[PDB]
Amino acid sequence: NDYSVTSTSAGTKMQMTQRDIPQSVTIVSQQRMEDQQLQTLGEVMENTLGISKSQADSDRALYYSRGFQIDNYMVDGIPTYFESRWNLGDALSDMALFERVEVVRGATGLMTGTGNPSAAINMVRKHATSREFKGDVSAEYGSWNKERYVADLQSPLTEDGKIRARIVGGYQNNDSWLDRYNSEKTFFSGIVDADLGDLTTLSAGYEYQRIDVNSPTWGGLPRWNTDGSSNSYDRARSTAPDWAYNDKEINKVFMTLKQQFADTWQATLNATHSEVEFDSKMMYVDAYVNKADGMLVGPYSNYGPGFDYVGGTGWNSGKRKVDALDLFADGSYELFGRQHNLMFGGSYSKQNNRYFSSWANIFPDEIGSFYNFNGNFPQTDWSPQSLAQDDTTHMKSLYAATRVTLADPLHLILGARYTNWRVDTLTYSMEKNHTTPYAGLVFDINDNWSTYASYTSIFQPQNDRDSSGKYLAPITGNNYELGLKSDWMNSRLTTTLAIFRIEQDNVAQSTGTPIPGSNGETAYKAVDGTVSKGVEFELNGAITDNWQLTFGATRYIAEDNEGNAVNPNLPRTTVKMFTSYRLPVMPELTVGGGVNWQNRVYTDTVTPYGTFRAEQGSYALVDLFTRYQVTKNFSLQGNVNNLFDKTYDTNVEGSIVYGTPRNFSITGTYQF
């Protein structure tokens, strides 16, 4: 029921309160997710301070933090990596399966081997913890024929309550503001928690998710006319044909073993085998519009006659396999007459991604005037799919970190992760070894206020070679941070103020000279990359016993080596707040809502006719909720999203993608 979650293992791999973490940490609680109906990982991230989204199409969105892209999401500290163009729906993961989401902003190289200096996102699974049959079931009806049904049930399976089990299952069907769009999803997670004898705990489970989308969009609506004037469409407008579909199926097995070897020492072994399979047939439009006739003009027609295509069709299928295990120990040691905490462990991960494609380009004659276009396009007589990609990544790490007690109110965190990383591709192989250091310092001024200072890093390997022919050294994302954290009411209310600087280094830059003794391979030089700098402030917790409020604000600057704004489509200033208020005179009633505000964003498009700049001015989005506790078991929740019905663009960096219009939702819940 509390917005503030007391402790976390996030950032350092050591169990502590947020105050003791010398990094910017945000934790999204179960209650916040229930109040605002954050049902997907994507919805959690877009309502999280310092995280922004870019929606390429109806089901594909990418998430950014501090000017950089998040390239992996994790489940119980196990990460799964992805490429921008191969979106396996990881942000569509159903939240009903997870207790909470831990967000760490900056360089998270101690938690994971590779990545960008953006953010680590960790989804924590629901566990069977009650010693009594407990659960809840719910039915939700909303706008665009949405129906959502969820059951969460748990119980011990033995008289002593040593063996316990929890099952979460659900189904959702809905349409959209988009013409012909339909999504159907099934989700299910099962877990068995058994306390083996004394000092041993074992967890084992299975996760299944399936999302089938009909008429999903690919790309956006033509933003530009040949004369430079911009275009506007009804938010219901879709380029998705009736034969278009995207279907994905997720199957995972996972086990966690915890052993208490001695007083103050515990060993943990987390393992997972994950698989996702997808099949899709879709069509996209990517062109300018000739205002007089409505005819489309290709953005690459300058290259010649075979390059004037205005869209495409594609039949894409594939499979991702993840076999990963994390083994670590945490305990105490005494040096210089004082107790200090020590964490050490290892990681192994094997990730394979195999894709099949069949595709064709679309020319202006094939589609006709865009003014009469509504997905009414003939399906391609698909040729046989061919192996488009087959990649295997082996990531192996050894990591150690100690929290040193310099004095009672002063702690120094010193860590390092060494990583052996390898990729095997159809065209090449690359192996890289890197040591990522962690240095932090936390000073407790008094019982409620603390200051911190930290140096954190992460590395990103790159498929670029120098004049010698050797692969270029990986990109390092270095985060320098100073801040102030407060804790009140035994961590029930917390505040954080962070000032950061990110230096992305060893970024490949073309020399404009080919590699001697190669077939035109371009030679690259390692140079300083993106520099990002900003401030974050968040207040999270209970103001009073019946008033829970989360309030955040950020402002940052991100620029490349040249000095140009990196991703100008993402807001530099944002304010995200959400609140819950239970009436002291009527405690059966809880009211609330929230406001997400962002400043102006833009994107320049260099075309043949000149430079066209996309604009999206300042806007807020308002959500409201109310919950009435009818009986000790039954409650009714009503939610309104985008109350002022703001028309806004979620894809300023490309073709027009509209954001969610005003939507309503009624939910009945039976708890016990």
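A residue's number is simply how far along the shown sequence it sits, counting from 1.
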Query raised in the report: Out of 373-381 and 144-152, which stretch has the higher average CA B-factor listed in the record?
Result: 373-381
Report task. Report the stretch with the higher mean CA temperature factor, choosing between 360-368 and 506-514 on the basis of the entry. Result -> 506-514
Query raised in the report: If you compare 568, 331, 79, 541, which has the highest Cα B-factor in the entry?
Result: 331
Query raised in the report: Whose CA atom has the top B-factor in the entry, of 407, 213, 558, 104?
Result: 407
Requested in this report: Select lowest, middle or highest to describe the third in which the CA B-factor of residue 48 falls within its chain in this entry.
Outcome: lowest
Query raised in the report: Thinking about Cα B factors across the chain, which third does residue 613 belong to?
Result: highest
Requested in this report: Place residue 469 in the lowest, middle or highest third of its chain's C-alpha B-factors, as listed in the PDB entry.
Outcome: highest
Query - Modelled-residue ranking by C-alpha temperature factor, third containing residue 425 - result: middle
Query - CA B-factor placement of residue 640, once the chain's modelled residues are sorted into thirds - result: middle
